[PDB]
Amino acid sequence: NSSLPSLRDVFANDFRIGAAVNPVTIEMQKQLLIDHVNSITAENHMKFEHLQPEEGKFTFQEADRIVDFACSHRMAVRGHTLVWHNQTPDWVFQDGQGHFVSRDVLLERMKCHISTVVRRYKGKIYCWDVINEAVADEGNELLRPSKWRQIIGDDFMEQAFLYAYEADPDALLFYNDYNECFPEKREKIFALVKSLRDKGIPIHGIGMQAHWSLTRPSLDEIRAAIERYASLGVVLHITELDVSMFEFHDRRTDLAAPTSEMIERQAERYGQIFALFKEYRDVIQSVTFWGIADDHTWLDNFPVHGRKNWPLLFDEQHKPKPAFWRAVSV
Amino acid sequence: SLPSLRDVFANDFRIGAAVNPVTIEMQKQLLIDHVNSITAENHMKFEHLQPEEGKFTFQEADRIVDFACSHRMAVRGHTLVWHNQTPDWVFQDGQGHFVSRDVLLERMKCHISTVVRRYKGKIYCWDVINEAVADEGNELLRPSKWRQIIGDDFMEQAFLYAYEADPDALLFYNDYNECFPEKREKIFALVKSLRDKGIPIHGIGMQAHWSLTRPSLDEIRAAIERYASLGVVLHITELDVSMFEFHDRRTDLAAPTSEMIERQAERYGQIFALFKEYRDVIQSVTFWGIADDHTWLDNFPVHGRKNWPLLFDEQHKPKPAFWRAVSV
Ligand code: NA
Ligand code: NA
């Protein structure tokens, strides 16, 4: 590593380079993070259930440790995430009686959470994934079902963005989602963000999660999605990048190591992706990987529990993989 | 489908490889995919072209030239007059005594004329004189039989014979350790002297048999500048980056270490950035091979010790060095 290029430095004129972390991986992967990144996202500890597990019980200790680490290494922080259909406790939607709460009560609870969390980190966190994954990932409807949407109505997203803007009007506010380059879902995401900007809602950016495979989305699909979203005038962040060794249909559990062909194709794929991101450096301002090295990745247990995946630029011993050298040489 | 080296550097310089007929077959697709210049590693040296007086054995050189010409590759001719790889007959009479100056010039002229005329129109440049400057000491030139018999104008004569045989060729002085300041100044003085005398010497060949740390980038830049100030063409003729420092004769390693691989990558990125910077004065960069399955450094200076000096590995895959070189 002594003579290795530093990712944040190679890309200094193009975009920030980020990693998702938690307090345990900050300790386990500390030197890689120090050597390579200039942005951090909490993998889990700024989600609703990890910040307000019971009403009026806020548990900021883990998030605080992550922000302290970033600020002491001059790293930016992306806040992830305020309003999502997952990892939100049931209390949020329920009354004492158990029944679903009203629209007005859920809006009050949404405003209080957003206000308390965003004001705590104002001046340290420069952007927030305000809405995560509201667009349908299947079928013909625009929006996924969720209790937020069921109880408030379809303007729940408008309200979330307005509450976050009031809490920190200097933050950049994002709509964040995955499968963002598949054309049908891209058109839904575009339509949604267009309609919010067309009402004056303070949505400043689109977060492209980029939970990609070796084959999907194609490079033409990524190009088309970057152009489509940039044409709205928003900022783009690539927010959760990883390149899975398995396609969505491949649910094998038996592989104890990637083949040479997988390792070589992943290297080619990461070179191709970074060349494209560099080509769109005027609209992409940050690329965050959902991790930093193959000793920790959510893809070990998703979408198949208990297997192993090798999705990042560094291996389990924190050494650069063939993908690293192609990524940094674009 | 990787970037092609000749394409990456199309606006900067040719990209070459040393070959022989066995490595053209073993590395054929890498050559076709990457280079636009070829040098014969061995088979255009005097002992491989005229092993006995009047016996010319062009078959292997012809095969290398045919390959190049069939793939739109230039050819650098290597080498006409050198103290190495020249048969004993050249300097001897029938009674085994050394021949006179005039007989050796006749032999030098006959060899150069026959060899250069055969490839005229196909080979665009020649390393006419190889490695004439000394290692150490204050003496400018190393002793050699060529120099002993003819006198110090042997180089002047070789260049005039080569020019006569093909006035359209670029004629080079080629040498190694070309960026060490003491040797650099001798090479400068020698070429300057020939040039000012009107000798048709057009180019300096910088062999660039380098290590991970020597010469320094500052040494390489000074040498490029010093030689370019002569007004000659510059070719990097025999580039390789040894995983061992020259005096390191260690034999214990079966594979490059991660540190070796990563330092070599940084080194090759530094060197190509510098070459690119000096694109105005450098017109070709040839490596002394193309992939680590064949390299003279596997047996020099330690016989049978493997080295890993080039941009592609033994399986013809790009190394970290490839990616940093093309990144510049
Ligand atoms: Na940018
Ligand atoms: Na040039």
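When reading the values below, keep in mind they use all heavy atoms of this one structure, side chains included, and skip hydrogens, waters and symmetry mates. All ligand and atom numbering here is 1-based and tracks the order in the structure. Below, chain A is the first sequence line, B the second, and so on; all start at residue 1.
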If only side-chain N and O atoms count, and only distance matters, is there a donor-acceptor pair under 3.5 Å linking [Y] with [X]?
X        : Y        : value
A/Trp298 : A/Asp242 : yes
A/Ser6   : A/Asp35  : no
B/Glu225 : B/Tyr278 : yes

Could you confirm whether [X] has any N/O/S atom lying under 3.0 Å from the Na ion (ligand 2)?
X        : value
B/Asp280 : no
B/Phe13  : no
B/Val281 : no

Legend entry - Degrees at the Na ion (ligand 1) between the O atom of A/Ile284 and the OE1 atom of A/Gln285, nearest 10°: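 Value returned, to the nearest 10°, is 90°.
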Inset, instruction - With the Na ion (ligand 2) at the centre, find the angle made by O from B/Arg279 and O from B/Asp12, to 10°. - result: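 Taking the Na ion (ligand 2) as the apex, the two atoms subtend 120°.
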Inset, instruction - Answer whether the closest heavy-atom distance between the side chains of B/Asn174 and B/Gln207 falls below 4.5 Å. - result: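 Yes, their side chains come closer than 4.5 Å.
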Legend entry - Plane angle bin for A/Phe274 and A/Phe289 - parallel if under 30°, tilted between 30 and 60°, otherwise perpendicular: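 If you compare the ring of A/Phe289 with that of A/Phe274, the planes turn out parallel.
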